[PDB]
Amino acid sequence: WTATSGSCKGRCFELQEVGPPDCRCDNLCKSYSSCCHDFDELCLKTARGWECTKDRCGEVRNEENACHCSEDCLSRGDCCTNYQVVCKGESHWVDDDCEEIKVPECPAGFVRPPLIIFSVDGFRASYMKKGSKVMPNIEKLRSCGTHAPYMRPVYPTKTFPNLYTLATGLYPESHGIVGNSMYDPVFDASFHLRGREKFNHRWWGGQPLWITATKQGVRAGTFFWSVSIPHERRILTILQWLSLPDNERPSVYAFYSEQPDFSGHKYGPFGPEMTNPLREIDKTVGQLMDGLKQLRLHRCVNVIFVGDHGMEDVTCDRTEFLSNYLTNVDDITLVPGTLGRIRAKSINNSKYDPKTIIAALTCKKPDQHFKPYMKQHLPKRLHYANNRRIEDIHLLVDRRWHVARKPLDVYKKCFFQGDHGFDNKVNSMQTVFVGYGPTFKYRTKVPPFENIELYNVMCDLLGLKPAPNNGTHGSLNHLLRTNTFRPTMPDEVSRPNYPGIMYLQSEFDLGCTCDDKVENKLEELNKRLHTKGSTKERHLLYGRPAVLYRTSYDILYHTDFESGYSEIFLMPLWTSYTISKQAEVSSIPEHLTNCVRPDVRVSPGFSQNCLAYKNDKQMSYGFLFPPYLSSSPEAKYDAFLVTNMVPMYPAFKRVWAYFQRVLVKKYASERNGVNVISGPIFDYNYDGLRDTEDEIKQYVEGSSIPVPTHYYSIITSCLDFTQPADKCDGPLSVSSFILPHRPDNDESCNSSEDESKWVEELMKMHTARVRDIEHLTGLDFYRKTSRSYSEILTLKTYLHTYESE
Ligand SMILES: *[C@@H]1O[C@H](CO)[C@@H](O[C@@H]2O[C@H](CO)[C@@H](O[C@@H]3O[C@H](CO[C@H]4O[C@H](CO)[C@@H](O)[C@H](O[C@H]5O[C@H](CO)[C@@H](O)[C@H](O)[C@@H]5O[C@H]5O[C@H](CO)[C@@H](O)[C@H](O)[C@@H]5O)[C@@H]4O)[C@@H](O)[C@H](O[C@H]4O[C@H](CO)[C@@H](O)[C@H](O)[C@@H]4O[C@H]4O[C@H](CO)[C@@H](O)[C@H](O)[C@@H]4O)[C@@H]3O)[C@H](O)[C@H]2NC(C)=O)[C@H](O)[C@H]1NC(C)=O
Ligand SMILES: CNC(=O)c1ccc(-c2cn(Cc3ccccc3)c3ncccc23)c([N+](=O)[O-])c1
Ligand SMILES: [Ca+2]
Ligand SMILES: [Ca+2]
Ligand code: NA
Ligand code: NA
Ligand SMILES: [Zn+2]
Numbered sequence: 051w052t053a054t055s056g057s058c059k060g061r062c063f064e065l066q067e068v069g070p071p072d073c074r075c076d077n078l079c080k081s082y083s084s085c086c087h088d089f090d091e092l093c094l095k096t097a098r099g100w101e102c103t104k105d106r107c108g109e110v111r112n113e114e115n116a117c118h119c120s121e122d123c124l125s126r127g128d129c130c131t132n133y134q135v136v137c138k139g140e141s142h143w144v145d146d147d148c149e150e151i152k153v154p155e156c157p158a159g160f161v162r163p164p165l166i167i168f169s170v171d172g173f174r175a176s177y178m179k180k181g182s183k184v185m186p187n188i189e190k191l192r193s194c195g196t197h198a199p200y201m202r203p204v205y206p207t208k209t210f211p212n213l214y215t216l217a218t219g220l221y222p223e224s225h226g227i228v229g230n231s232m233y234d235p236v237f238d239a240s241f242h243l244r245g246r247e248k249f250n251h252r253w254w255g256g257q258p259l260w261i262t263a264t265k266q267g268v269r270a271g272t273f274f275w276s277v278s279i280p281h282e283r284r285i286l287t288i289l290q291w292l293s294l295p296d297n298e299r300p301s302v303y304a305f306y307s308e309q310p311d312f313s314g315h316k317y318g319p320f321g322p323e324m325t326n327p328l329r330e331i332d333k334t335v336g337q338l339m340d341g342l343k344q345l346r347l348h349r350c351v352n353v354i355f356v357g358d359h360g361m362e363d364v365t366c367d368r369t370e371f372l373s374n375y376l377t378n379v380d381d382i383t384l385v386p387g388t389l390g391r392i393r394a395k396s397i398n399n400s401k402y403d404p405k406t407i408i409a410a411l412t413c414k415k416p417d418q419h420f421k422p423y424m425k426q427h428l429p430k431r432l433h434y435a436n437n438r439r440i441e442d443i444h445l446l447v448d449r450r451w452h453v454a455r456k457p458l459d460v461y462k463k468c469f470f471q472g473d474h475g476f477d478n479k480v481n482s483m484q485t486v487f488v489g490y491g492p493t494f495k496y497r498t499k500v501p502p503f504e505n506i507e508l509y510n511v512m513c514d515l516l517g518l519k520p521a522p523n524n525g526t527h528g529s530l531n532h533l534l535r536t537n538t539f540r541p542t543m544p545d546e547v548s549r550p551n552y553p554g555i556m557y558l559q560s561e562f563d564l565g566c567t568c569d570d571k572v573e576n577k578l579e580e581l582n583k584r585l586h587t588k589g590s591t592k593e594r595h596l597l598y599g600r601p602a603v604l605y606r607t608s609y610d611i612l613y614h615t616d617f618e619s620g621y622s623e624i625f626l627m628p629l630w631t632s633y634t635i636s637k638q639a640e641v642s643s644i645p646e647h648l649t650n651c652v653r654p655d656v657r658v659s660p661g662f663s664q665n666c667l668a669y670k671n672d673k674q675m676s677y678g679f680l681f682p683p684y685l686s687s688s689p690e691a692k693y694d695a696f697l698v699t700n701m702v703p704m705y706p707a708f709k710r711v712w713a714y715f716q717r718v719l720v721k722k723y724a725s726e727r728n729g730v731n732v733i734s735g736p737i738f739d740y741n742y743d744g745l746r747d748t749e750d751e752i753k754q755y756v757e758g759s760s761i762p763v764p765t766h767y768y769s770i771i772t773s774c775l776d777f778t779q780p781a782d783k784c785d786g787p788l789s790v791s792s793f794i795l796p797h798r799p800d801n802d803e804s805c806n807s808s809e810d811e812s813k814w815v816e817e818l819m820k821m822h823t824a825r826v827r828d829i830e831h832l833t834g835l836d837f838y839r840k841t842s843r844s845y846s847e848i849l850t851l852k853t854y855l856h857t858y859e860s861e
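Throughout the sequence shown, residue numbering follows the authors' numbering, covering 51 to 463, 468 to 573, 576 to 861 in sequence.
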């Protein structure tokens, strides 16, 4: 119930929200059907439109008008945005040359530069170039301020997940808005774009920027606008709030535009109909900047122009139907479209089996345009699993396609020509970032970055301490003129042991064998020095990784590689080696095929054993440092030490062997040497964070050897590829992966072919940031470089996407 007989007089777009049944006059009252009886009359005036004209200049104030051109309007804070231009001979903001804003130039009584976030739904990154002729205000923002060529959204590349990520710095799995549509089985409630459930605060986790501000004494405008409030009114409301007394004025504001998304769905991302929506959004930006100029705020406010996701060509005919795959299609509920989420239709149906649904959806049609995954097997870069609102079965849909349950769903619902929601590395899903104002840099281009990083920056722009989030604070310092955040490296929690030779060969009873009893004073001191760390500067180029949790581990040195060996997990946490451009690949010799050698630095009790592998009919083993890249026949023996062995399914070994034998050398050739750090990951509860020992669900049969869920590699070289990886003077370049450790290659539909036809395609799908690997291992990389720490944070957030231009 709402007692809509209260009044909005003096309350239009009030900031504090009033509680039922009292009627509301705030910017969301329409969405709740709760506005007072006179809200349209008082708050949504439209008389005479949005622009001053010559005949209105100096008019007698008429309170009915949408905006004013009377002499008093500047002090009332409610002139039309073009008032000074039409009536006082001023120029539009867009027609002024840009001039660097070296310091905030703010009116007296401003405690800080305000922040205005201008969010545009569906604004695909390539519109900045492709539409630049029809968007002069935006182009001036972009060319004069700080811009990225694009900004990566979060998955799924839908509106509600992305806007809430922008506001919180959190992945959707952590903030809880995991799609535009959701079912929460604990609440037993559904969240939908239409209707009232979405207003319940229980769906919305983390802490959004407007709450972070309020808690710390910075006032915020309300970020949401009911759809029927016209854009011109949203802008004039922001400008009016900016004219409030100091004690009442917010410091942070957001504008939201449903365009160009709304038209992009109907017409496709580059439909000829799209030009007009782009023109209109530009004109709104112009109104805001003209309005700031009239208030003498145009060199005071930081403006962020930012999109939630892009837009792809998608039509009804490019729909896959689960009814063409599944016998039991009436026993499932599908959340359809540009991603699929499957659960049981009835929790009382005990004949429902995820395994049989996955198998019926796997590589069934030659050009199949979706791929099924149990959610824990999704690429780790998506961070899309740790929430009970995310169904166990997920369908990744190819760009340009939809998935639906049955044909009748699609024609009893061709209308549309555009959609979004696909994998967030897809080029058409990328969106925009421009920052303009005193705290941003002048005419500066920055590399692409992820929208999870902006919350920290928006907190920095406002002097707020960010709530805990998934950005890496400091990684966007290069966007800013001032207000940089200067983090310190985390402290190492565990220091390594450096064991020497402590065990005789006969103390080991590991069931291993090796043909190495093949028998010099020059060469003996030499091998001793390698075991003491004499080649370590070649193979550990950026310092040893720091271990950020309590554990017991050993540093082990060798001619060709260095490792940090966990006495708890019985394998390395990391193995580091450098391969120069000139390195040669060799084979594993015949006499060494099944060679595993005890490591006399590490006790039998802290070692793996061969007999467990022999007995585990499912499980084989591989090596972290690859024997193929040994520097000499004699150094190759080091590669067969039991301390370099890790458990691997035979199907996985196909992938790993090709990576090690072919791809490492290929990258060394292309990049002028590479430094590689490889290791295991254990994430059995799919939370993106390192498992403790007591979370491990699977061991090599009969043993305490834990089975990794994933294997990572971090591959680092010099950004200036004219310098070798091991003698780099300047910035680094990196690519990384987190490969799922699976007992089959069902993910790769072409896996019966030669590895040259499918392995690298698998690795590109599982591309990762160094930061992803850090969360998953509790290690901290790049501790000893010549580079600034902020620069290294940016490197750790880089994702190599393999998307074309
Ligand atoms: C991305 O950044 C985020 C933010 O930093 C990272 O997320 C944090 O990770 C922490 C570890 O997973 C986690 O810390 C836990 O907090 C528990 C208290 O949680 C509440 O309070 C906080 C603070 O206000 C709040 O933010 C939480 O909000 C979550 O929960 C509600 C749902 O009820 C949601 O609305 C909200 O969206 C959010 O959900 C997300 O997180 C939860 C987990 O908290 C998930 O389950 C959801 O799926 C979703 O992803 C909460 O309201 C605290 O109780 C935990 O402590 C337990 O575990 C420790 C281990 O150290 C143990 O010592 C304790 O005894 C305790 O164990 C007991 O409970 C167990 C489970 O019932 C039981 O088995 C034991 O036997 C014990 O009884 C823990 O400290 C922190 O909450 C989240 N924060 C957020 C916002 O998500 C995230 O890791 C980053 N991602 C990456 C990849 O880096
Ligand atoms: C048909 N869909 C709509 O009309 C529509 C869809 C989404 C939103 C919306 C606005 N913010 C606030 C905001 C603004 C800028 C940056 C971050 C956050 C969100 N934060 C989370 C989820 C949805 C929204 C609104 N809106 O303005 O209320 C309308
Ligand atoms: Ca959107
Ligand atoms: Ca984990
Ligand atoms: Na075996
Ligand atoms: Na396969
Ligand atoms: Zn949309």
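Idealized CB from N, CA, C, for every residue including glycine.
Separation of residue j from residue i, as counted between CA atoms
{"i": "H766", "j": "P429", "result": "10 angstroms"}
{"i": "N250", "j": "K138", "result": "48 angstroms"}
{"i": "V641", "j": "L685", "result": "5 angstroms"}
{"i": "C366", "j": "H225", "result": "32 angstroms"}
{"i": "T699", "j": "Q664", "result": "8 angstroms"}
{"i": "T215", "j": "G525", "result": "10 angstroms"}
{"i": "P764", "j": "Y838", "result": "24 angstroms"}
{"i": "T833", "j": "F715", "result": "21 angstroms"}
{"i": "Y621", "j": "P553", "result": "11 angstroms"}
{"i": "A97", "j": "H87", "result": "19 angstroms"}
{"i": "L558", "j": "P703", "result": "25 angstroms"}
{"i": "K670", "j": "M701", "result": "14 angstroms"}
{"i": "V447", "j": "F476", "result": "7 angstroms"}
{"i": "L667", "j": "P660", "result": "13 angstroms"}
{"i": "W814", "j": "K722", "result": "16 angstroms"}
{"i": "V364", "j": "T54", "result": "43 angstroms"}
{"i": "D72", "j": "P206", "result": "38 angstroms"}
Buried versus exposed call for residue i [16 or more other C-beta atoms within 10 Å across all chains shown]
{"i": "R252", "result": "exposed"}
{"i": "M627", "result": "buried"}
{"i": "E323", "result": "exposed"}
{"i": "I555", "result": "exposed"}
{"i": "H118", "result": "buried"}
{"i": "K59", "result": "exposed"}
{"i": "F274", "result": "exposed"}
{"i": "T369", "result": "buried"}
{"i": "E749", "result": "exposed"}
{"i": "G108", "result": "exposed"}
Rounded Cβ spacing between residue i and residue j (contact assumed at less than 8 angstroms)
{"i": "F371", "j": "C568", "result": "Their Cβ separation, rounded to whole angstroms, is 56 angstroms, which puts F371 and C568 out of contact at 8 angstroms."}
{"i": "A175", "j": "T485", "result": "6 angstroms"}
{"i": "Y434", "j": "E101", "result": "With a Cβ gap of about 46 angstroms, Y434 and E101 do not count as contacting."}
inquiry  = When you compare the segment 340–354 with the segment 278–293, are there three or more beta-carbon pairs, one atom per stretch, that lie closer than 8 angstroms?
reply    = The answer is yes - the segment 278–293 touches the segment 340–354, with three or more Cβ pairs under 8 angstroms.
request  = Could you tell me whether the segment 593–603 touches the segment 536–551, where touching means 3 or more Cβ pairs closer than 8 angstroms?
outcome  = Judged by Cβ distances under 8 angstroms, the segment 593–603 makes contact with the segment 536–551, as three or more pairs qualify.
Cβ contact check for the segment 510–519 and the segment 253–273: 3 or more pairs under 8 angstroms = At 8 angstroms Cβ cutoff, the stretches touch.
query = Do three or more CB pairs link the segment 227–235 to the segment 173–193 at distances below 8 angstroms?
reply = Verdict: no, contact absent.
task = Would you be able to state if there are at least three C-beta pairs under 8 angstroms between the segment 345–358 and the segment 420–434?
result = Contact fails between the segment 420–434 and the segment 345–358, because fewer than three Cβ pairs, one in each stretch, are under 8 angstroms apart.
Those runs of the beta strand (DSSP E) which lie wholly inside the segment 615–671 and span at least 3 residues = Runs of the beta strand (DSSP E) inside the segment 615–671: 618–622, 627–635.
ask   = Which full runs of the alpha helix (DSSP H) of 4+ residues lie inside the segment 800–849, going along the chain?
value = Taken in chain order, the complete alpha helix (DSSP H) segments of 4 or more residues contained in the segment 800–849 are 815–821, 826–833.
Three-pair Cβ contact test at 8 angstroms for the segment 726–737 versus the segment 769–784 = Three or more Cβ pairs drawn from the segment 726–737 and the segment 769–784 lie within less than 8 angstroms of each other, which places the two stretches in contact.
inquiry  = If contact is defined by three or more beta carbon pairs under 8 angstroms, each pair taking one atom from either stretch, is the segment 292–311 in contact with the segment 156–169?
reply    = Yes, since at least three Cβ pairs between the segment 156–169 and the segment 292–311 fall closer than 8 angstroms, the two stretches touch.
query = At what residue ranges does the segment 438–462 contain a whole run of the beta strand (DSSP E), taking only runs of 3 or more?
reply = Those beta strand (DSSP E) runs which fall completely within the segment 438–462 and span 3+ residues are 443–447, 452–454.
key: Three or more C-beta pairs below 8 angstroms linking the segment 650–659 and the segment 788–806   = Segments in contact, no.
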